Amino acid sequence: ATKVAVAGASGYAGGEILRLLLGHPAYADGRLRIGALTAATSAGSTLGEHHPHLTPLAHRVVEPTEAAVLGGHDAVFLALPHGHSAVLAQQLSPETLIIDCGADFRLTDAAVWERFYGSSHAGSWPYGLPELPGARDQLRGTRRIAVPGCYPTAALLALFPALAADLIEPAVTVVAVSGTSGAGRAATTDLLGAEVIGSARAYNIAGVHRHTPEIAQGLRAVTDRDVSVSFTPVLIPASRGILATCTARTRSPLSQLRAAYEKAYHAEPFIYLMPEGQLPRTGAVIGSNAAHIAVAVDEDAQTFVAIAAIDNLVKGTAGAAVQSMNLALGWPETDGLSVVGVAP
C-alpha cells in the first residue's frame, strides 16, 4: 500500500502529478493512495479552489507544508520547481521515496550551483530522465529523484544521441518556445493573459537562465569534449508545450545522424522519431508523456538541426516524476503515462 504526499499541491506541477496519480493503474486497484496535499499559503482551502479539473479530489483540504505532515508516506513529491526543498528533504526517512521537481538536487557541481542559484549546494540525486545513457539504472529501486527542468528535458533528448556518437560539435545552440504554465502560477503582470495572449518574448537570455548549466551538464555526461550551450527560452501564447530547436555544427551525413537516433530511441516507449518528412508539433504531445523528435542537416550551413516537442507539464515535469516513480518502485515504467496527445 503506497501512500503518496504531494507538497506544493496547488501549483501547476503538483496538480499535474495529481492528474496522473488519479489515472494510474495502481490508484485504480488500490496499490496507490493519495495522502497529504500541502501548500505554503491558503492552508484550509479545498483542492477544488486551486484545481477545478481534479474533481475526484475537490473536497481534499490543503494542509500547510511541514516535514511532519509529509512524514508518514511512502513517496513524497515536492513540486516546488521554482521552490527550494533541500530543508524538507533532509528531515525524511532515507527509505521514503522522495521525488523532487525542484532544482535543489539536479546539479553535480557545487561551484556551478552557487553561481546560478546563490545558495549552498545541497548535493545531487539520480536525475529523473530515464532515457539518458545510464540514467535508468540509477533510478531502479532508488529512494531519491531529482526531476529534470522542462527545457533540459527537451534539449537533452534532441541533442544527446548526436553528441554521444561524436557526430556534431560540442557547442550547441538551443532556442525553445514554451507555453506559459512553465513560468508557474505566480500572479505577475508579465504573465497575465491580456499581456501574454497574442504576444511572444524571449526572456533570461544570453546565459542567465538557470537551465543553461543543466543542459551543459547532461551533454557533458555523454562526451569528453568541452561543451558550450547557448540557450534562449521564448514564451508564446499557449498554456502548455515546449518546442525546442537545437543546432550544432556537423560534418556528418544525415544517414549517419539518423541511425544514431534510431539506435538510441528504437526501444524507448516515450520517444517518437518523426517519419521521413514529418516534423514535431507541441499540439500532438499535449497531455502525453511523449517526446516527438525530428533531425535534419542544413548542408549549406554545415548545421545539424534537431527539433523536439514535449508537454512541459508531462514529459517536462510531472510525467517524468511519475515515470521515475514507477522505476523507483519496481512498477512498469509506462504505468499511468500515455503516449497519445490530446489534440486538437
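For every residue, the number given is its place in the sequence shown, counted from 1. For clarity, a rigid core is taken as the largest C-alpha set superposing within 1.5 Å between two forms.
- After a core fit, the C-alpha atoms in 7 other deposited structures of this protein lie farther on average from the shown form in one of 77-85 and 198-206, namely 77-85.
- Core superposition of the other structures onto this form places the C-alphas of 39-47 farther off in 7 other deposited structures of this protein than those of the other stretch among 307-315 and 39-47.
- In this crystal structure, the stretch out of 201-209 and 182-190 whose C-alpha atoms carry the higher mean B factor is 182-190.
- If you average the C-alpha B-factors over 34-42 and over 50-58, the higher value belongs to 34-42.
- Out of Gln91, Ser239, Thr153, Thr232, it is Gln91 whose C-alpha atom has the highest B-factor in the PDB entry.
- Out of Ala216, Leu159, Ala122, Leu129, the entry records its largest CA B-factor for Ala122.
- Residue-level temperature factors show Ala294 in the lowest third of its chain, judged at the C-alpha atom.
- Split the chain's modelled residues into thirds by C-alpha temperature factor. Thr245 is in the lowest one.
- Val340 sits in the lowest third of its chain by CA B factor, as recorded in the PDB entry.
- Per the PDB record, residue ranking by Cα B-factor puts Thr223 in the highest third of the chain.
- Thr173 sits in the lowest third of its chain by CA B factor, as recorded in the PDB entry.
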